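Just the heavy atoms: all of them, side chains too, but no hydrogens, waters or symmetry mates, feed the values below. The chains referred to below are lettered A, B, ... by the order of the sequence lines, with proteins before strands, and numbering in each begins at 1.
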Amino acid sequence: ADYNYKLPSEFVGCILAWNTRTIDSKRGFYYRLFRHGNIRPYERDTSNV
Amino acid sequence: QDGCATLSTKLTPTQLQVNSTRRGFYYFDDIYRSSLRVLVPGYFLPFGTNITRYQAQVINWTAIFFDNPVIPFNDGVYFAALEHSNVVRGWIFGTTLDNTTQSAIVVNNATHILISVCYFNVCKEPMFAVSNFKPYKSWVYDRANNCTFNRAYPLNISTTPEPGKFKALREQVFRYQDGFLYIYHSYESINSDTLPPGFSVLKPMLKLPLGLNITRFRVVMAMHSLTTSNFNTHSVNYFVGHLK
Amino acid sequence: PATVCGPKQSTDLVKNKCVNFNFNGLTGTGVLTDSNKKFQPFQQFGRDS
Ligand SMILES: C=CC1=C(C)/C(=C\c2[nH]c(/C=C3N=C(/C=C4\NC(=O)C(C)=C4C=C)C(C)=C\3CCC(=O)O)c(CCC(=O)O)c2C)NC1=O
Ligand SMILES: *[C@@H]1O[C@H](CO)[C@@H](O[C@@H]2O[C@H](CO)[C@@H](O[C@@H]3O[C@H](CO)[C@@H](O)[C@H](O)[C@@H]3O)[C@H](O)[C@H]2NC(C)=O)[C@H](O)[C@H]1NC(C)=O
Ligand SMILES: *[C@@H]1O[C@H](CO)[C@@H](O[C@@H]2O[C@H](CO)[C@@H](O)[C@H](O)[C@H]2NC(C)=O)[C@H](O)[C@H]1NC(C)=O
Ligand SMILES: *[C@@H]1O[C@H](CO)[C@@H](O)[C@H](O)[C@H]1NC(C)=O
Ligand SMILES: *[C@@H]1O[C@H](CO)[C@@H](O)[C@H](O)[C@H]1NC(C)=O
Ligand SMILES: *[C@@H]1O[C@H](CO)[C@@H](O)[C@H](O)[C@H]1NC(C)=O
């Protein structure tokens with residue numbers, strides 16, 4: 001919620017989630033772990049510096 | 001996307017200052033109202049403030065001096081342009097404006113309006129090129145990779161210059177909120193060489209989901225299009241102001 | 001203009017009677033008559049003071 005994907009406080013909409021163990025159990029999925037400051041709502045950071 | 005171009009004839013920008021009269025108001029919401037008087041807080045350009053002016057033309061000494069510095073984009077920008085030959089095609093939005101961060105380009109190819117977001121390698125001088133009167137090449141960047149957004153709207157515009165007096169004034173307002181870039185537009189045809197005083201209100205035009213950190217922009221002057229193999233520029237003026 | 005709508009069945013326009021109505025999810029009760037008002041091209045309803 002701080003470095004990857006942030007929703008605005010006045011959100012209107014639905015959220016769905018489901019398990020995908022049998023199709024997505026592989027290498028190649030990453031998330032950002034270090035960053036200077038938080039991102040703003042509906043923003044993306046694709047840098048790899 | 002073709003790439004590269006170099007200009008030595010350049011000179012220092014002058015950075016004039018001009019009065020803003022009562023321009024730079026826009027429709028701030030999507031609620032229809034009828035015969036009502038309202039009090040609204042927001043971000044607007046104050047009446048009577050100074051704003052900055054830049055120009056572009058060949059003066060006389062076998063040399064052309066443009067004016068494309070890098071400007072801050074804090075809380076929003078008011079843009080104006082006086083032109084007569086389809087000069088100012090687009091802008092560049094971003095943070096470092098190099099190949100280490102994502103950037104957004106809004107331009108015109110005299111056939112479509114293009115909006116793209118990618119890891120751009122910007123050139124030293126972005127501009128298009130016409131073949132006297134034929135869209136020739138475009139030298140705005142040489143390489144673009146790892147790229148997120150692409151969209152185009154067909155809009156064919158005339159590429160035959162009519163130099164002389166100023167025939168068009170175009171005004172824009174740029175805002176950024178919650179990953180959305182908001183563009184408001186207004187246009188008119190006048191016959192004068194300054195900005196007339198008055199009160200103009202700008203209509204909404206575009207709401208784009210870019211999702212990119214914006215703190216700085218610069219202007220693309222694709223003016224050089226009217227020659228053969230040598231490529232030089234006609235005249236144009238533009239104005240910049242901020243929001244409070 | 002509505003771009004995504006739910007699966008509902010439409011009925012006939014009944015005029016000059018006190019009825020319940022549902023126009024694109026806008027619900028109410030009253031009497032429906034012809035109009036001489038003018039709208040903007042992308043406007044769907046009008047509201048008074
Ligand atoms: C990038 C394109 C761009 C355009 C066209 C724009 C919007 C825009 N420019 C218009 C007029 C215009 N004014 C311009 C000039 C421009 N061409 C440019 O590259 C720039 C910056 C402008 C700014 C307006 C053009 C091309 C027209 C004529 C459009 C037509 O033929 O209808 C109009 C009214 C006519 C129409 O709906 O087409 C719109 C909506 N804002 C932009 O930034
Ligand atoms: C921009 O695009 C390029 C090309 O798609 C991306 O390059 C790829 O980056 C990944 C790492 O994010 C590389 O994976 C690594 O490869 C090395 C061996 O080369 C390996 O030792 C590491 O363990 C890891 O597997 C991948 O090879 C690389 N591919 C290419 C063709 O360059 C780049 O990441 C993109 N940048 C972004 C994030 O926008
Ligand atoms: C900046 O522009 C505004 C708008 O034209 C000028 O305001 C006018 O000033 C004159 C002289 O005081 C008044 O008679 C008008 O009634 C004013 N009109 C409006 C709408 O404000 C203002 O004077 C200009 N300022 C400068 C320094 O040029
Ligand atoms: C506007 O410009 C004038 C002249 O440079 C300057 O004196 C004034 O402080 C500036 N600010 C206003 C009033 O917009
Ligand atoms: C990025 O730009 C720098 C400076 O021009 C250059 O040295 C480097 O090779 C470029 N790298 C890419 C991503 O093309
Ligand atoms: C401009 O249009 C031409 C012809 O369709 C196309 O070849 C070219 O890639 C376009 N350039 C830009 C900058 O969009």
B:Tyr27 atom OH, neighbour heavy-atom count above 12 within 6.0 Å
no
Mark yes when over 12 heavy atoms from residues, nucleotides or ligands other than B:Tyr43 sit less than 6.0 Å from its OH; otherwise mark no.
no
Region of B:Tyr119 that comes under 4.5 Å of a non-hydrogen atom in chain A:
side chain
Does atom CZ of B:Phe149 have more than 12 heavy-atom neighbours, drawn from other residues, nucleotides or ligands, at distances under 6.0 Å?
yes
Between A:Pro8 and chain B, which part of the residue has a heavy atom less than 4.5 Å away: side chain, backbone, both or neither?
side chain
At their closest point, which heavy atom of A:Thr46 faces which heavy atom of B:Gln102, and how far apart are they?
OG1-NE2, 4.0 Å
Please check if the number of heavy atoms outside A:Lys6 that lie under 6.0 Å from its NZ is greater than 12.
yes
B:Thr148 versus A:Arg44, closest heavy-atom pair with distance:
CG2-NH2, 3.9 Å
B:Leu36, CG: over 12 other non-hydrogen atoms inside 6.0 angstrom:
yes
Value rounded to 0.5 Å, distance of OG1 in B:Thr100 from CG in A:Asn48
12.5 Å
Is it the backbone or the side chain of A:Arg40 that comes under 4.5 Å from a heavy atom of chain B, or both, or neither?
side chain
Around A:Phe11, counting heavy atoms of other residues, nucleotides and ligands shown, do more than 12 lie under 6.0 Å from its CZ?
yes
About how many Å separate CG of B:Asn146 and OG of A:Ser47, when rounded to the nearest 0.5 Å?
11.0 Å
